[PDB]
Amino acid sequence: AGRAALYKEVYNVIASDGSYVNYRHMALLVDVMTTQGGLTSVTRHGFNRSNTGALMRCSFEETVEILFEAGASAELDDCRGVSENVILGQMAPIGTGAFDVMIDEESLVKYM
Amino acid sequence: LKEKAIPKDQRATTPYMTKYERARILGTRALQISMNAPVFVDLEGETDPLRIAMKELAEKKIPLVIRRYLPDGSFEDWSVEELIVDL
Amino acid sequence: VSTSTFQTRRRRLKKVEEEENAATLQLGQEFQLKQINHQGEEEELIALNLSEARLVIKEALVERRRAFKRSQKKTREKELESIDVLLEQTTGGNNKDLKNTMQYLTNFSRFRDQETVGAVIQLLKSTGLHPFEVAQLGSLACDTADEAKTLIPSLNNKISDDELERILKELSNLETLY
Amino acid sequence: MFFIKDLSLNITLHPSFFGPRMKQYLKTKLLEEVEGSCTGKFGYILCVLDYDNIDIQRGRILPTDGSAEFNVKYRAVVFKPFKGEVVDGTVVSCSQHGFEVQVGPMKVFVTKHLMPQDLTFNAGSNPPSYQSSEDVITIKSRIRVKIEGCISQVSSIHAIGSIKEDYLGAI
Amino acid sequence: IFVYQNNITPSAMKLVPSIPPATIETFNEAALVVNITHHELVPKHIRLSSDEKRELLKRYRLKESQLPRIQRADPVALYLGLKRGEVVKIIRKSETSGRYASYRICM
Amino acid sequence: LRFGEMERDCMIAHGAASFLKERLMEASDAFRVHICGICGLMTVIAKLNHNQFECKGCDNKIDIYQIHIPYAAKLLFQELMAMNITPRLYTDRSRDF
Amino acid sequence: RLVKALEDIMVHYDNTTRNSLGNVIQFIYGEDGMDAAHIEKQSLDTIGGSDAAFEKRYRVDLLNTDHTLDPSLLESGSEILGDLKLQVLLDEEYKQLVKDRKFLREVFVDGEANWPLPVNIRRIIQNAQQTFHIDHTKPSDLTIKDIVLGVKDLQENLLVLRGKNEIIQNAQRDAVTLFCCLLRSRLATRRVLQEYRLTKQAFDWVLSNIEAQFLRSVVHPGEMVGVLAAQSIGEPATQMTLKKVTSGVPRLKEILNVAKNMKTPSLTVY
Amino acid sequence: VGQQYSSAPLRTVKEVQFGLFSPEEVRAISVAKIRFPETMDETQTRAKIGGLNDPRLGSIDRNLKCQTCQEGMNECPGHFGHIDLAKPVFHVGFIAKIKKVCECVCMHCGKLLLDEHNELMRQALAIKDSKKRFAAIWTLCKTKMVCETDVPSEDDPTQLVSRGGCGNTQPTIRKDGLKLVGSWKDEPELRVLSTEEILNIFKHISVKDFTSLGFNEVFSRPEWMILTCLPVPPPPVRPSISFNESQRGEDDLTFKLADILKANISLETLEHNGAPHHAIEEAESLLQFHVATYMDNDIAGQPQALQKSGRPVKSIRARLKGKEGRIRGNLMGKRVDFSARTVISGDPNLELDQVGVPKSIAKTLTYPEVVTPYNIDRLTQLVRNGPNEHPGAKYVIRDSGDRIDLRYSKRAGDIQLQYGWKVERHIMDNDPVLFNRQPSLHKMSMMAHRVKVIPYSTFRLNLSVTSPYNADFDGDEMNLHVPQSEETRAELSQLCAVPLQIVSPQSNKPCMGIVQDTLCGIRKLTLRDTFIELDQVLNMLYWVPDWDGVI
Ligand SMILES: [Zn+2]
Ligand SMILES: [Zn+2]
Ligand SMILES: [Zn+2]
């Protein structure tokens, strides 16, 4: 009922300007904020309190500090996030980089 | 684990090729065509590797296999020939 | 881009584990009994004697010499000279090590027949002794139980002295005449 | 002693080699990079067995360049010597310091001090030999040696062996 | 279930989880007066069996942490008498699908 | 020219992963280091003229990997190292999840 | 802020919207598994008007001289008179449409016909009338069986989720619900042979085009749904050039920061 | 790549393991000893002394050296050193975690102040999340200030069992900038807690407790939060720029490090020589400052390490902090090569999917192409035309990675090509590009266009395409990025392209329409009052590029 009330207000703010946004985007942010069991804030004390990779979390507000908690809690970085692949200068698993590509020895001889 | 290789039977992934997929297959295939890779489709007077790759995907003569990764760790291996390029 | 295996241990930062390799079956990390086959299953360690090894190599060189002919379309002294020829075709000079190993294995060959080598392996695998012990007892030509338990110091009392003597005396009958 | 181990190798192919008989060049590059090569961890990698039944696998293409990373899985006859290992070999070189006995692809050095009392050096007989009231070690004699220590090098592995303990020396 | 008019002493409440395997639930008389689930924007939360939970995680291929969560003291969580680890198939209304089946696990 | 956080955001939204890899590495920064297989630190004294390596404090002249990371990353890591924090980089995972 | 909070969030190879950890956010993106751009605003004819106007537009009765389809509309119209086997399917169609009416009036409080859904049904009809040169003079060859069973079969082919098991089949069923209600509202036996006057060829083509246009509309695994959603919220909040309660930028930051101390606390009792 | 080949296998970072540096590990990794608090100029000779900067670490000049690797400045990263502190010191960031752990464990014995025997402790130990587990444990045993030896059994409390040892009283620890003070109880024993004391108590903590306190016996040991051995950063982190000869040009950190060595030497001196005990702790409290101020200067405990100018010194903590910092200044957002920025002008004769790029930006921005049979003739001609004839090339990169600068090349009018090389050629017509406008608030603000090389200095975009870019032609500037790879440009074509962005997924509707001039024009044109004769009609037909040829 909280998820519901939150969308109702967000939508009332988009309509306060008098503009239109497709349900999905809002329902997405809204469900992101609720999944955690309650109403989770959108600030340094909100998302930067999550289980997510230390390198991702350090890219917003609490840098040196979260890195000190990484070195203190011997934190492990899964390298499955955007920010963490961006810092490492690699092909992030987003869009184009979600799947993988391989050649088939069989098909290579079939076509010729 | 390599057990995570989902059989060629049972595939929850869509039979169609995604925009991200066709763009990477074509990109990589054109990049190889420029590294002077062999061209399977007969070049109807084609100079541009992108166009060569486009005809290669049209004649389904590309030898590429897309390894789609399922969130848990799992994967479903699909061919360029296997996928539908309706789009 | 060099040479990889199959078994990898957890990088728990610390290194202190690589112990001295001794006579008393203290083989390398890869070389222990529980080796894992490429398909993903348990396998007893592989250890050849100075004859069986030569046979395996000679088999695989003949099979490469033949494997190339398909894709080409679209006693004692005589052996040295035959091996010279096959090696000069199957290898690209670089294998100077393999060529030397081929000459050494053909020289110090205990049994020059896959038949006799087979009967030897039947007599040896029946011990229940470790592959390296089986291979070494199959490459070293001993006559005594004391000589054997000294040149191979892993034996000691894993086998009875008299029983080992019976195996030893059988090997001497199985011996190859040049 | 000679082991037979199941090994893998990461070979990288350039798109120019993406033509029907690719398998040929993959198998060939594997045999260039591995055959004859010595490593500390595995020893002298002598001969890859079964040319045909070598795992080709699906080669993962990179997102930088069109090159393909292949993990070719094979099996080979390997030679790794150890301390305590008793192996026979044939002399190669000799000096006042000692003689060098050749075992398989390697050279195991036997120091003067690693030989018994009676064994005495004499260069005043060509080629320089070793004398005793029964034993004479020269140029290419057969000796049973007990390896005491190993040195892991480039594409080489050497050892130091003794013959002073019982049932060893010339055969 | 225990219905308290105004309050229970902390000397008493010590006896609440003291007796196993049984569970003692505590709800205020005033808080009961109006039903929560009966409200407009409260969707239908449905308790799941061990087999239902195992199949949910088996089919979608997830870890328990990988699931959206519901607080232990949530109005609907107490109403349903949900225990730490139980799942609820929240079937709600969608302005683009009509129905959407969501899932929530206890905290 | 600055390809700012804004530009980063847009490219991710678009889904052009290979372009963003190029623009972050290839075009802009670009760097190759020799990290140890034991401790994920740029320790390995790579004498690549005569292929000598070695990670002192590891006795590792065997297990070394070359990695492509921005110089600002090599920098970030060396600045975290400078404050007594170990940012170990491992080429192969264990977590799975 | 929004951008950062939704970075790692994208649609996977199973249609689930997940993050860097792998924790699920939305089971099938947007509750329907459709790509935003392919969706258009359409009308659900099964919602409004009187139950009498509803009956006038959907109800088909082969057994009643004062309700039967005139054979000038249906070729099998003179021989349809009385066939209960076919009538049983008309009673199935009409029971489904009435179940639809009551379901839609349950989803939308106000009962709004206009909602964003894939496949522009409106267009295909017109497009068929352009391609097949449909003339509202000559009778439609189609069998009352061909229509009802054609729609019933089309529903079975409108996929979003492929998975073999029950949970997946039930999820697919749930997500497609609203679109199938719109499909049924526009593909009734009255409308098909009176308002549209489709031929067999035209009808079978229309079905194929709805199927293809729907199958195309499904979200693409890899779609950066998170960052896209963040920027879709960001841009109109920036272009915000602005009975008394805080709205706009203040109420927006108030919500994003989850103010326990809110500027304008309002309560409304019915 | 950092230029030059190494046989070492190339792999991707799939895991990032954080933790702490063990003083023994810092010492092991250390390539240099670090003894001199000076820099270069050994007897004033322009050469680094074997003490601070290049006692092995790395070169400061255009001259090889880097312990056996060398390779010059480029290709070779810096190598770390070590500092042996006479007395251990606290770490700035770890100060509070040190305090918290001190309040969690009994001093002298090193055992947890709380044991399993407590019901609320059992409830706490259930949490396996390091952060939440420790947050619970501290809040729980900050109240307990006596290490209980005797604890009432899970049977009846009449039978107390010895859970551990020492019934010793714990002090009420409170902060004081750089040091901690505690008190035991008429009158409380207010005493100073020393780095050494705290270290030994930490060293004494059992592994069970270690991990159950939000740590790790392998990667992050509580003990290592107090620094014994300082890791010396190499010259690339602290650049020393010797401007030709007569200049030095050091760095902030280099000064703070030299100040630490000064503080350390002054401490060591008083330890060995005349030790007035509570007169030595003066150079220790200064070392405590210097070391902690080397990492963080923007501290709460007022004194900032100001330079001999008034600059409070550029501390490591400040370097990393974003919004044009290190993370958000060099890794999240960075400066790029193959980019252009000029004024934008509107055009009705171009296409929607195009961008007008000036000839001067065309002859500057360059795509590296592959020498392929399919275009070998074209590339040979570009190489003939050179860098100034519009259709030409700037450089020729060989397979060997060697680059020929076509302009300084005297025989660049005979040069032969061979397959697989790279011809860095000028931006040719119809080459895809990323034309974008700052600030990039939504997907649409970053679109992929087609190239149309035009004269006159401005970027000519299509009138209708200003709508998703959100900026007029009132002197607006726009970025333009050159994709370097065939796959990279393929991405721009099959993902970012202008026709694909027409229908906006932000609001399921189009974002581009007909605007301004074209808009008022089309309305006035669409009427029963609007009439046009044969002559103007023939031309209006001819102005349609895709006209059927039927009047
Ligand atoms: Zn190391
Ligand atoms: Zn160096
Ligand atoms: Zn104590």
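X-ray crystallography is the method the PDB entry states for this structure, with the resolution given as 4.30 Å.

As recorded in the PDB, this entry has the title "Crystal structure of RNA Polymerase II in complex with TFIIB".

Taken verbatim from the UniProt record of chain D, the Subunit comment is "Component of the RNA polymerase II (Pol II) complex consisting of 12 subunits. RPB4 and RPB7 form a subcomplex that protrudes from the 10-subunit Pol II core complex. The RPB4-RPB7 subcomplex probably associates with TFG1. Interacts with NRD1 and PAT1." According to the UniProt record, the Sequence similarities comment for chain D reads "Belongs to the eukaryotic RPB7/RPC8 RNA polymerase subunit family."

(A) Region of the structure containing the interface of chain F and chain H. Every contact between the two is made by 68 residues of chain F and, on the other side, 89 residues of chain H. Taking both sides of the interface into account, the surface hidden between chain F and chain H amounts to around 7500 Å²; carbon and sulfur atoms contribute 57%. At the junction of chain F and chain H, the tally comes to 6 salt bridges. Residue H:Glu324 pairs with F:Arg2 through a salt bridge whose shortest N-O separation is 3.2 Å. Put simply, chain F and chain H have 47 residue pairs in polar contact between them. If you list the elements that add at least two residues to the side of chain F that touches chain H, you get β1 (2–3), α1 (5–14), α2 (17–28), β2 (32–36), β3 (64–68), α3 (71–81) and β4 (88–90) of chain F. For the side of chain F that touches chain H, the element with the most residues is α3(F), which contributes 9 residues. Taken together, the residues of the side of chain F that touches chain H break down into 35 nonpolar, 17 polar and 16 charged. In this structure, β1(F) lies alongside strand β9 (residues 334–335) of chain H, joined through 2 bridges in antiparallel fashion. Counted as the bridge partner of F:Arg2 is H:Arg335 from β9(H).

(B) Structural view of the coordination of the zinc ion (ligand 3). Residues and elements named next belong to chain H. Distances from the zinc ion (ligand 3) to its protein donors, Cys106 (SG), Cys109 (SG), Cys147 (SG) and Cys166 (SG), fall within 2.3 to 2.5 Å. Considering all 4 donor atoms around the zinc ion (ligand 3), the spread of angles at the metal, 99 to 125 degrees, places the coordination shape in the tetrahedral class. Sequence spacing of the donors to the zinc ion (ligand 3): C-x2-C-x37-C-x18-C. Of this pair, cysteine 106 sits in the loop between α2 (95–104) and α3 (119–125) while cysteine 166 sits in the loop between β4 (160–162) and β5 (174–176), and the two are 60 residues apart along the sequence.

(C) Local environment of the interface of chain A and chain D. In this assembly, 11 residues from chain A lie in contact with 13 residues from chain D. Across the chain A to chain D interface the summed buried area is about 1100 Å²; carbon plus sulfur atoms make up 69%. Taken together, chain A and chain D are joined by 2 salt bridges. On inspection of chain A and its partner chain D, the count reaches 3 residue pairs in polar contact. Those elements that place two or more of their residues in the side of chain A that touches chain D are β3 (100–103) and α6 (105–110) of chain A. Among the elements that line the side of chain A that touches chain D, the one with the most residues is β3(A), at 4 residues. In the sheet, β3(A) pairs with strand β4 (residues 59–61) of chain D via 2 bridges, with the strands oriented antiparallel. Each residue of the ladder has a partner; that of A:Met102, found in β4(D), is D:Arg60.

(D) Representation of the sheet that holds strand β1 (residues 15–17) of chain H within the structure. One open sheet accounts for 3 strands, arranged β2(A)-β1(H)-β4(F); its pairing is antiparallel. Edge positions in the open sheet fall to β2 (76–77) of chain A together with β4 of chain F, since each of these has one partner strand only.

(E) Local environment of the pattern of salt bridges. With the rule as written, the count across this model stands at 116 salt bridges over all chains. Across the pair G:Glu31 and E:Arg92 runs a salt bridge whose closest N-O atoms are separated by 3.0 Å. With G:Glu31 in the loop between β3 (24–26) and β4 (40–43) and E:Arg92 in strand β4 (residues 87–94), this pair bridges two chains. When its relative accessible area of 1% is taken as the criterion, G:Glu31 is described as buried.

(F) Expanded view of the coordination of the zinc ion (ligand 1). Residues and elements named next belong to chain F. Donor atoms from the polypeptide that bind the zinc ion (ligand 1) are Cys36 (SG), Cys39 (SG), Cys55 (SG) and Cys58 (SG), placed at 2.3 to 2.4 Å. Considering all 4 donor atoms around the zinc ion (ligand 1), angles at the metal cover 98 to 125 degrees and the coordination shape is tetrahedral. Sequence positions of the donors to the zinc ion (ligand 1) reduce to the motif C-x2-C-x15-C-x2-C. Here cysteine 55 lies in the loop between β2 and β3 and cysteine 36 lies in strand β2, a separation of 19 residues in the sequence. There is no split in this pair, since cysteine 36 and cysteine 55 are both buried.

(G) Seen up close, the domain arrangement of chain D. Residues and elements named next belong to chain D. On domain assignment, one finds that chain D holds domain 1 (1–84) and domain 2 (85–171). Counting from both sides, the interface comprises 13 residues of domain 1 and, opposite them, 15 residues of domain 2. Roughly 1200 Å² is buried in total at the junction of domain 1 and domain 2, and carbon and sulfur atoms are behind 67% of that figure. When the buried surface of domain 1 facing domain 2 is broken down by residue, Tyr44, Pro81 and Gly84 rank first, second and third, together holding 43% of it. Counting every contact that joins domain 1 to domain 2 gives 0 salt bridges. Seen at the junction of domain 1 and domain 2, the total is 5 residue pairs in polar contact.

(H) Representation of the nonpolar core in the model. One finds A:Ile103, D:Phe2, D:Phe3, D:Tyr74, D:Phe99, D:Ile163 and F:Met11 to be the most contacted residues of the largest nonpolar core, which totals 147 residues. With 8 residues, strand β5 (residues 68–79) of chain D is the largest single contributor of residues to this core. In this structure, D:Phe99 is in contact with D:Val91, D:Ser93, D:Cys94, D:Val108, D:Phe109, D:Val110, D:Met115, D:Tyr130, D:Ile137, D:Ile143 and D:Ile163, ignoring residues within four places of it in sequence. Counting residues in hydrophobic clusters, the runner-up holds 118 residues, among them F:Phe31, H:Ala124, H:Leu261 and H:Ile280.

(I) Inspection of the packing of aromatic side chains at higher detail. The tally for this structure, following the rule as stated, stands at 29 aromatic pairs over all chains. With 5.7 Å between their ring centres and 15 degrees between their planes, A:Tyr7 and A:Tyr11 make a pair best called stacked. Note that A:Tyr7 and A:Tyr11 are positioned in helix α1 (residues 2–17) at a spacing of 4 residues, about one turn of the helix. Assessed through its relative accessible area of 9%, A:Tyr7 is described here as buried. With a centroid separation of 6.5 Å and an interplanar angle of 65 degrees, the aromatic rings of C:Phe132 and D:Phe82 are classed as edge-to-face. One end of the pair, C:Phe132, is in helix α5 (residues 131–137); the other, D:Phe82, is in the loop between β5 and β6 (86–94), on a second chain. Looking at D:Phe82, the relative accessible area reads 4%, which means it is buried. Here a set of aromatic residues connected by ring pairs shows up, and it is made of C:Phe31, C:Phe132, D:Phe3 and D:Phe82. Positioned above the aromatic ring of G:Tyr94 is the side chain of G:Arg59, whose terminal nitrogen or guanidinium carbon lies 5.4 Å from the ring centre.

(J) Main features of the packing of helix α1 (residues 52–70) of chain C against helix α3 (residues 96–107) of chain C. All names here are of chain C. Between α1 and α3, the shortest axis-to-axis distance is 9 Å and the interhelical angle comes to 130 degrees. Regarding the angle of α1 to α3, the classification is oblique. For α1 against α3, the interelement crossing comes out left-handed. For the pair α1 and α3, the contacting residues are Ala53, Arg54, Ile57 and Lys58 in the first and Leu98, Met102, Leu105 and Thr106 in the second. Residue composition of the contact of α1 with α3, grouped by class: 5 nonpolar, 1 polar and 2 charged.

Parameters and conventions
- Positions along each chain are numbered from 1 by the written sequence. They may not match the entry numbering, and residues without coordinates are not shown.
- Both sets of labels track the order of writing: A upward for chains, 1 upward for ligands.
- Because the shown chains make up only part of a larger assembly, each value pertains to the shown part and nothing beyond it.
- Side-chain figures throughout are based on the complete set of non-hydrogen atoms in the structure, without hydrogens or water.
- UniProt positions are given in the numbering used here, feature names are shortened, and annotations may be inferred rather than shown by experiment.
- Should any heavy atoms of two residues lie within 4.5 Å, those residues are counted as being in contact.
- Once two parts are joined, some of their accessible surface, as seen by a 1.4 Å probe, is lost; buried area is that loss totalled over both.
- What counts as a salt bridge is simple: a side-chain nitrogen of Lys or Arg found within 4 Å of a carboxyl oxygen of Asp or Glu.
- Pairing of N or O atoms within 3.5 Å defines a polar contact, subject to two protein rules: one partner must be a possible hydrogen donor and the other a possible acceptor, and residues neighboring in sequence count only if both atoms are side-chain atoms.
- Each helix corresponds to a stretch of at least 4 residues labelled H or I by DSSP, and each strand to a stretch of at least 2 residues labelled E; elements are numbered beginning at the N terminus.
- Classes in brief: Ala, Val, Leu, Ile, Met, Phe, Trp, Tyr, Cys and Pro nonpolar; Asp, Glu, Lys and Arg charged; the others, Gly included, polar.
- DSSP bridges decide pairing: two strands pair if at least two such bridges lie between them.
- Listed donors are limited to N, O and S atoms within 2.8 Å of the metal, widened to 3.2 Å for Na, K and Ca; water is not among them, so incomplete-looking sites are possible.
- Geometry is assigned from the angles between donors: four donors with all angles from 85 to 135 degrees make a tetrahedral site, four or six donors whose opposite pairs exceed 155 degrees while the rest stay between 65 and 115 make square planar or octahedral sites respectively, and everything else is labelled irregular.
- Categorising residues by exposure relies on relative accessible area from a 1.4 Å probe, with only protein chains included: less than 20% of the type maximum marks a residue as buried, more than 50% marks it as exposed, and the intermediate range marks it as partly exposed.
- Residue ranges for the domains trace back to a domain assignment, done automatically or taken from a database.
- Here, nonpolar core means buried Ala, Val, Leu, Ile, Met, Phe, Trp, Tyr and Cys residues that are tied together by side-chain atoms lying within 4.5 Å of each other.
- Here a pair means two rings of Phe, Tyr or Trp (six-membered ring of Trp) with centres within 6.5 Å. Their orientation is stacked below 30 degrees between planes, edge-to-face above 60, and tilted elsewhere.
- Distance and angle both matter: a charge sits over a ring if NZ of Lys or CZ of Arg is within 6 Å of the ring centre and within 35 degrees of the ring normal.
- Every axis corresponds to a line fitted to the C-alpha atoms, with the helix fit spanning only the stretch in contact, and the corresponding angles, defined between N-to-C directions, vary from 0 to 180 degrees.
- When an angle is under 35 degrees it counts as roughly parallel; over 145 it counts as roughly antiparallel; between 65 and 115 it counts as roughly perpendicular; any other value is oblique.
- Helix crossings get a hand from a simple test, with the near helix turned counterclockwise from the far one by less than a right angle marking a left-handed crossing and a clockwise turn marking a right-handed one.

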